[PDB]
Every structure is written in structure tokens, then in C-alpha cells.
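A.B. asks: Got a sequence here, can you build the structure:
(9 chains, ligands or ions: 17)
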Amino acid sequence: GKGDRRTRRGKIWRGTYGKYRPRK
Amino acid sequence: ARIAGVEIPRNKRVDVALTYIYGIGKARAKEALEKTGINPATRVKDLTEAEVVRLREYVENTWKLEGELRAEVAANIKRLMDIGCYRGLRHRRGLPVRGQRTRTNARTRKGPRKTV
Amino acid sequence: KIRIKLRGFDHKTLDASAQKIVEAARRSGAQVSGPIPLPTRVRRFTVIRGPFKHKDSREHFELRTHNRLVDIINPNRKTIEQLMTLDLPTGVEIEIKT
Amino acid sequence: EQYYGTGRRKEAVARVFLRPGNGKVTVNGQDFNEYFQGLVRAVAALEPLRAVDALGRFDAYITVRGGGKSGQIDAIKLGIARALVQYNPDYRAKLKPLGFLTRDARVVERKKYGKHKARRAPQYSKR
Amino acid sequence: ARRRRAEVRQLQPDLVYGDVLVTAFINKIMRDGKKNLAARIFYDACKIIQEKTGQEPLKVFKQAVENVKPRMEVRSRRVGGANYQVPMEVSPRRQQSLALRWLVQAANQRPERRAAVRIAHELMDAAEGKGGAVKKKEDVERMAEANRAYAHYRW
Amino acid sequence: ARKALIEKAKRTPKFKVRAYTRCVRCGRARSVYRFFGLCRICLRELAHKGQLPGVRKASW
Amino acid sequence: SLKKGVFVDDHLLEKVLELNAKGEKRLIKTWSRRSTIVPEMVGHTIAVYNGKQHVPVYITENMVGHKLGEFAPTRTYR
RNA sequence: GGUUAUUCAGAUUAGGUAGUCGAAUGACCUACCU
RNA sequence: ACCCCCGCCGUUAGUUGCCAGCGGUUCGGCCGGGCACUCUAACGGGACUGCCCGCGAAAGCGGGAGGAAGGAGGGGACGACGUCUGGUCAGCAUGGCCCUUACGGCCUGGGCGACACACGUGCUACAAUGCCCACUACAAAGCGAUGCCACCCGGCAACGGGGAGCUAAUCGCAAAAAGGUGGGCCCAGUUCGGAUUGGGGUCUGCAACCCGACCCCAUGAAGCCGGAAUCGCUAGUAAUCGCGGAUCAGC
Ligand SMILES: [Mg+2]
Ligand SMILES: [Mg+2]
Ligand SMILES: [Mg+2]
Ligand SMILES: [Mg+2]
Ligand SMILES: [Mg+2]
Ligand SMILES: [Mg+2]
Ligand SMILES: [Mg+2]
Ligand SMILES: [Mg+2]
Ligand SMILES: [Mg+2]
Ligand SMILES: [Mg+2]
Ligand SMILES: [Mg+2]
Ligand SMILES: [Mg+2]
Ligand SMILES: [Mg+2]
Ligand SMILES: [Mg+2]
Ligand SMILES: [Mg+2]
Ligand SMILES: [Mg+2]
Ligand SMILES: [Zn+2]
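C.D. replies: Residues are numbered from 1 along each chain as shown, chains lettered A, B, ... in the order given. Ligands and ions are numbered 1, 2, ... in the order given. See the structure here:
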């Protein structure tokens, strides 16, 4: 989902990374 | 089995079943598993009885959930209620608490379109 | 050994200014690698044409901030005298570092 | 000895080194069937070699870069025609009519203002 | 448009059989320009052809189109002031185009869970004679002969 | 408050969350690029006058 | 949100500390709804402004972490 | 599903009228004009 | 039509690029070496009904070869005498009118963010050409001195702390996504859908109640591809997929 508030490409759409996304 | 006193998430994934439990979402579901070494794959129609109490009593006693949770949900309102904060008088008229556009939609809290 | 940079807007006065620098250093000193244009970093600015309101038919220009590079090896005595004196800058911002 | 040409398309160029061999085809590392995996278009690129009738008789070291995945393959398609047309005059008299020698002008088109995609207008109305 | 005949798109042949028609079907399956996703889903059902029947997908496809290829159709036309449903011969191209079109549209209607399986169960029921997509062709051929009245406007 | 506000812009006496951008010519309150200190109108006109060096009528 | 340091004006704490220093009244005319309420400042009556005027809004133990504006309407019929 | 009555909410109009058209509710089985 | 982008190649220049040729291989173009080639901009040739065929008076049209590209190859800049007494005294200037202890002037707070509605443009979806998750691979352009932040620790994360390099084809924003391999999922108001809302947190900034974004936990709303009507688009276009910037404290 492009709008699920807890997903892979969920953050790829809102400009952020978060937990569900490999940060540094 | 009858997990949270009344809710009975049978015949379905051990992980997902717990989500259906009120007060227990997806994360708190992966939480009982790693802290009880339970495999997320298996079901509820073929789990050991030990775990029917092991995993159960675990979350039941671990953190707030069930009707008691909702009560707190319902309580935190009465506080914003008795005095009249800007957040509280939103549940009154039933408006949103994000200060969002009431002019356009916002139906989800407003209710179905009442033309008049 | 030494290295000179050549940023600038006009490109006709940036193939000229880098071209004079190539003939003066070679004709009166040791080897000097030719002009090496760096990827022109260009600015772009679109903006609504109308004074008031017309979300279209707008306009936009570009800032051609060029780039050019010449590298000399031998710090000759004739060349450093040729560069110091003989040079025709203009709208070119050079920066030399050893 | 070697055969060379230059494939290019969508700013996704592709150098083409190719000396006669068994059929091995390293390109930006990886074997041919290794890099391009689960993508039907691939088996096409090697068509020029099937036009010359020499599948398992020409190794190839191609250096492709830039552009998307598939666009690459297209650049590969032409680099090989150029490669096997350079060191071979008589292999153009038949490879050209079948068509292989063309840059393929079909580049993405610039997006224009007052539109969303150089073309797709915002939902027209009147109300 | 009005000037020239505005001729067809002469697509590239098949990357497996070397025949134009095959590629055609791919496209109409292809959503969002994913020729790799569709080609597989079509090729997947190609091999689901030699399973249920040692028969070659080449003739199961050739026979799957030519068994839903509508022969004549109802086009509406004005006549100074009226809309008749004139029946008339389809374009060689129009047939293929619609056949191939409906073909796909059947794949979506079916209860089959996996796509290639839908086009598998469909492309067979096509060469057989009966199928959800074949019936949308018997159907348009009906309106054809029923309105046979107004055939006096062949134009 | 169009003069008394173009002047108040050059002041920045209080906190910097008030040093809001402003135009150099017109004193427009919005659509002021930082690279120029200009607003879209003039900066377009001045761009036609060639008085903005390097800048060039874009056409790709 | 101000996790570090509980934001609020100094004139508030000031105009209320001199209030605890001898248990004075409670009347007060503020113009800073942008401020959190000081825990101990219970029982007082801060007449908060709201573009309109000073609402004699009271205070308790519950309404602490909440701001002054929280308890001052800004719009008519709300 | 069909018929009818009404109504405003839209829709077609540059706009209005009317109509067509749509919806709701109760009952029931293209025309003119500015 | 001469203006530029992309379409063919070369001329000029070599810190972009080559186990392609040899030596080390830490088997990493890291070192040595080189610019033929990729690239980088800049200059220039190329397509002109030129050629063969046929119609024709000419103009020209239709067909074939050669060619990267044939009948403006694709795209953009450009938009006439006018029309709409179109738009803007609010970007600015300007005639006239009008205020001139306030129609001018400053702060603080409020308001443009008010909701019983209706319309316009949109995002995201209702899902098995697909939902979630582990690995792996391929872009172009663009910006980065009080800014882009590699590497290491705390944590569930947003974020913070220490700290290397960068006046920027050399350092950073930087996994391009969809996709390739493998997993659970099995048609379910669903592992679809994320609206709504309780409590806990981080960042900017005098100050996030009014009135910010952003995490994690929970709540898992409407919603089975939509009436009448109605819109975009003829090809690298529609659709579909990610990225950057301006704007800017943040948003
Ligand atoms: Mg070349
Ligand atoms: Mg595109
Ligand atoms: Mg600001
Ligand atoms: Mg109407
Ligand atoms: Mg009307
Ligand atoms: Mg009603
Ligand atoms: Mg360099
Ligand atoms: Mg060699
Ligand atoms: Mg050499
Ligand atoms: Mg023509
Ligand atoms: Mg012109
Ligand atoms: Mg007027
Ligand atoms: Mg507004
Ligand atoms: Mg439910
Ligand atoms: Mg409900
Ligand atoms: Mg930015
Ligand atoms: Zn200005």
C-alpha cells in the first residue's frame, strides 16, 4: 500500500524511512 | 481457546488470531511469539495445551487489553469532557480532533451525508 | 603540477579564455594538457508567466554556469610571466591551485 | 581478430568486444543467462548471431551502462550488428533489410507545462 | 482521423514461435506495460497445454482464436434521423482484435485463482467450441442475424 | 501596510522565524527566490532585459 | 512538544508565585495561551484571552499537562 | 424488475424555462425563451 | 527557416571509463600505464525530391534502395490585424476620487484551518496479473558553507551524540521503484483496505490547544470497481513505477 501507515513502500511515499525500512 | 476472557480466536494463524483480539494488534502479536518461542506458522486447532495457557496467560496478564482497555479509552474522554478542552469539545459535537477540514468531507467521524 | 579552473557564463568567452591560456603556456613552457570542460551544472527556473493568475503558458530560462579545465606540468619562468601579464579575463571566474 | 561496434539507446550505451570463441558471453560480469533472469526479451538480443548462423561460436565481452534494464538489451542488439558488420562486409547485405541498424529514435519525451505528462491534461470540466 | 487511412501497428513477431498473432495476445494481457509479466502468464498456460493434452499450444491457440472470431456485427447508423443496428462484415483486423480481446476478458470472469490458469482453461474451451468468451461471440452473431432487416444500408 | 511592511522586512529585530523573504524591487511578499531576492514578475521582465547575466531563454 | 523544558511564560510563574508567597487571590489577565500549566498552580482562575476577551476559566488536577488555550474557546458557537 | 405521482439533489445548457435523465419518498404491480 | 534537447559519426581536450593488453591482486580499475572506446561539453559534416519506378504541364503524390534518421525524424522556444469594454489599481507604477489624532502605525491573541451542506481538481483503495517479507540487479536530472551527511554506540523507531571528507563528474542526500529467487497467505469487510481515535515519544522553532509534520503501540471506519452524466490520450504516447528541485525554520 502507498498509504498503509506501517509498510515497506508505505514510507517510500511519505518521504521517510522508519522501522519497517533499512536505515543506517 | 478462549484467550482474553471472552474473545476466542480459533481456527486461524497464531499470529493473526491475536490481532483480532481487542487491545492486541500486529506488533503485540509478534511479541508473544518471540517471548514464548512459538512458531507463527501453526494454527489453534493443533497447538499444545501448555501453550493454550502458556501464551495465553502471558499476554492476558502482560499488558492492558480487552474491555478494560476500552474503558480507559472511554475514560480519557470523560476527562477531556468534564472541563471542556479544545480536544474534548470535539467528541461533543462529534467533530475530528486533528483540526481538519470540516467544510469538505470528514464523514468517517461525521456520519453518512445528511443533505438537508 | 599546477591546476587552473575556468567557470563562466558565456561559452564563446570560455573557449576563448581557455584557448589563449593553452597557446601561451605551451608556446613558452613545458607541456600543458588541453581544455577539459566539466559537466556544465545548469540552473533551471520555471515561473508563472502571468502577473496575476494563469497556471500555465508560463515561462522559464536557464543559467548556463559553464566549466573548463587546463592543467600545466612544468612551472616555467616564462609561462608564469606570460600568464600573470598576458591574459584577457571578462566574465570568467578562474581559480588556480597548485 | 576481435569484432567491435557501438550500441546505444536511452543514454544506455553498450560497448561490444567479441572475439570468436565457444559462446560464453560475459557482459558487465555475470554470464548472459545469469544477469538477465526471468525476462523474455533477452533471448532476442542474440538474434544477429542467429542471423549469421553462429550461436555457439562467438564469445562476447560487452560493457553496457546507464539506462534501464531492457533498454540496455536494445543497445546490445545493435552493438553486435555493428561488431559483426565491421569485420564482415557480406553480413550487411542481408542483416540490414531484416532491420537492425537504427538508433531507434524512440526516446522518452519531455514533460511540458500545463500538462501532467507532456500530454495528459488535468481532468477537463465546465461546471 | 480524416486524411489518410492511418495504417496499423506492425508489431514485432514472437520471441518463441516466430508468429505475429502470438505476440498480439500478450499485449492485451499486458497491464501497465509489463510484457515480461504477461508473456510468462501466457507461456505458463502454454505448458499447461501439453499437460491436460499432449497437443501443441500452437494449434490450441490458433484454434482458440478462430473459434471466437465473430463473423458479422451490429453497428448503429443514422439515417437522416434514426438509429438502426445495421449488421455487416467485420474487418479482417477487427475480428482478431475483438476475439483476442474477449479471450482475455474471459480470463477475468472465470473462478480460477491463478491468471495463467484462467487463460489455460479458457484457450482450451475455445478450441473445443464452448467457453465464456466464445458465447460473447455467438451472442454478437445473434444480434447480427436478428436485425438482418436493416441490411439494406450496407454502405 | 505595503510600505510600512516592506520596511519592516529589512528590520529583523526579533526572532528569525520572522525574517521572511522579500523582493528587492517590488517588495512582493511571496514568490521571492533566494538566489535573486526577486519575485517572479520582475525577474521575468529583468530576464528579458538581459539584466540578469548568464540567464538565457530556456528551450530544450 | 517540549520534552526538554516545559514551555510557558515567565510572567505567568511570576504573576502566580507572588500569589503563593502569601496565598493571594486568583484573578489574572493573560495573553499567552501558548503556555502549559504549572503543576502547583491549581485552584487559581486564569482569565485567558482568545482574540475576544478574558474567560474566567477555572483549573484542577486533571488539566495540567494541557495548555491554557485548551480551556479557552476561540470561535463562537463551538 | 415495471407504472404513476411528487420532491431536490444532481445531470445535460453559456444561462433560464420545460423536458428529457438520474435519485429520494409516498402510492402501486429534444422545446421554447433571454 | 536560421535557436537549443534527443536521434549517425568524427575533430579538441584527458583525474569519466578498460583483466578489454601486461605486472601486483588485498583477485576491489585499487597501482603502474593509455585515451583507441564509454562518457563529458563544444565545434562540424549529414536528408536536398538527391537517386531508380509510375501519374503529372508544373507544383506534387505514391513505391524501392542506400542511410542512424525520408517527405517538418521526434520534441521545445516561438503564438499575427484583432476579439472577448476578458484578467490584474493586490506585483509594480498611474489620472481622478476618498481617510489623514485615523481607512495611517505597533505589538499580543484571535481568524483565513469556523461545518447541517453542494460542486471542481486529486491521493489512496476496495485486492490473488495480486497483500506481507529476506536476498539480489539496472536510471536521468538535480541540489548541497551557517548546508547534503558516509562510518560507530544507545533504541521498537522518528531522533540524538561523537566524527572523516566536500568553494562540489572525485565527499554526501543514494536501496531508483515495478521487478528476478524463496516464504507465509487462500477469497475473507480479509495479512486486502488505513480512515478514525486513546495513551507514550522525537525534530523545528520565542510558541505546535486553537493550528505542524514524524515515529511505535492500539483502535482496524467507508469501501465488492460505482446512476444520469462525464474526462485524458494516436506511440515511447496512455497507463503504470520511483527520483529531484524550486518554494522553505519546519510544514
Ligand atoms: Mg564512436
Ligand atoms: Mg513516459
Ligand atoms: Mg518561513
Ligand atoms: Mg442545473
Ligand atoms: Mg437548471
Ligand atoms: Mg428526499
Ligand atoms: Mg576531472
Ligand atoms: Mg587488447
Ligand atoms: Mg594506446
Ligand atoms: Mg508523404
Ligand atoms: Mg515561429
Ligand atoms: Mg470587466
Ligand atoms: Mg487557503
Ligand atoms: Mg472487520
Ligand atoms: Mg461500522
Ligand atoms: Mg530539497
Ligand atoms: Zn518584483
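A.B. asks: buried residues in stretch C:18-27?
C.D. replies: C:18, C:21, C:24, C:25 (16 or more other Cβ atoms under 10 Å in any protein chain shown). For every residue, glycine as well, the C-beta is placed using N, CA and C.
A.B. asks: quick check, it touching RNA strand I?
C.D. replies: No - contact of stretch C:18-27 with RNA strand I (Cβ under 7 Å from any atom of the strand) is absent, the minimum separation being 7.9 Å.
A.B. asks: and the residue of chain D found nearest chain C, how many neighbours?
C.D. replies: As assessed by Cβ to the nearest Cβ, chain C sits closest to residue D:114 within chain D, at 3.3 Å. By the criterion of other Cβ atoms under 10 Å in any protein chain shown, residue D:114 has 11 neighbours.
A.B. asks: got it, and residue E:8?
C.D. replies: Look at residue E:8: counted by other Cβ under 10 Å, it has 7 neighbours.
A.B. asks: still on that earlier bit, the residue of chain D closest to chain C contacts residue C:55, correct?
C.D. replies: Yes - using Cβ atoms under 8 Å, residue D:114 is in contact with residue C:55, at 7.5 Å.
A.B. asks: Now, the buried residues of stretch C:18-27 that are in strands?
C.D. replies: Assignment to strands by DSSP state E places none of the buried residues of stretch C:18-27 there.
A.B. asks: For the residue in chain G positioned nearest to chain C, give its distance to residue G:51.
C.D. replies: Here the residue of chain G nearest chain C is residue G:75; by Cβ to the nearest Cβ that distance is 30.4 Å. Separation of residue G:75 from residue G:51 (Cβ to Cβ, to the nearest Å) stands at 9 Å.
A.B. asks: How about chain C: which residue is closest to RNA strand I?
C.D. replies: The minimum distance from chain C to RNA strand I, using Cβ to the nearest atom of the strand, falls at residue C:34 (1.9 Å).
A.B. asks: List the residues that contact that residue.
C.D. replies: Going by Cβ atoms under 8 Å, 6 or more residues apart in numbering or on different chains, residue C:34 touches C:22, C:70.
A.B. asks: what's the burial count for the residue nearest to residue E:71 when sequence neighbours are not counted?
C.D. replies: Excluding the flanking residues, the one nearest residue E:71 by Cβ to Cβ, 6 or more residues apart in numbering or on different chains is residue E:141, at 6.0 Å. Around residue E:141 there are 16 other residues, counting by other Cβ under 10 Å.
A.B. asks: For the helix or strand residue E:141 falls within, which helices and strands make contact with it?
C.D. replies: Element membership for residue E:141 (DSSP states H and E) is helix E:135-146. On a contact count with 3 or more Cβ pairs under 8 Å, 6 or more residues apart in numbering or on different chains; DSSP states H and E, helix E:135-146 meets strand E:72-78, strand E:83-89, helix E:92-109.
A.B. asks: Which positions in that helix come out as buried?
C.D. replies: E:136, E:137, E:140, E:141, E:144.
A.B. asks: Number of residues surrounding the closest residue to residue E:30 other than its chain neighbours?
C.D. replies: Of all residues not flanking residue E:30 in the chain, residue E:38 sits nearest, at 4.1 Å (Cβ to Cβ, 6+ apart). Residues lying near residue E:38 (other Cβ under 10 Å) number 23.
A.B. asks: tally of neighbours for the residue of chain B found nearest ligand 17?
C.D. replies: Closest residue of chain B to ligand 17, Cβ to the ion: residue B:101 (33.0 Å). By the measure other Cβ under 10 Å, the count of residues near residue B:101 is 9.
A.B. asks: now residue B:57
C.D. replies: Residue B:57, neighbours per other Cβ under 10 Å, totals 11.
A.B. asks: That one and chain D, how far apart?
C.D. replies: 48 Å (Cβ to the nearest Cβ, to the nearest Å).
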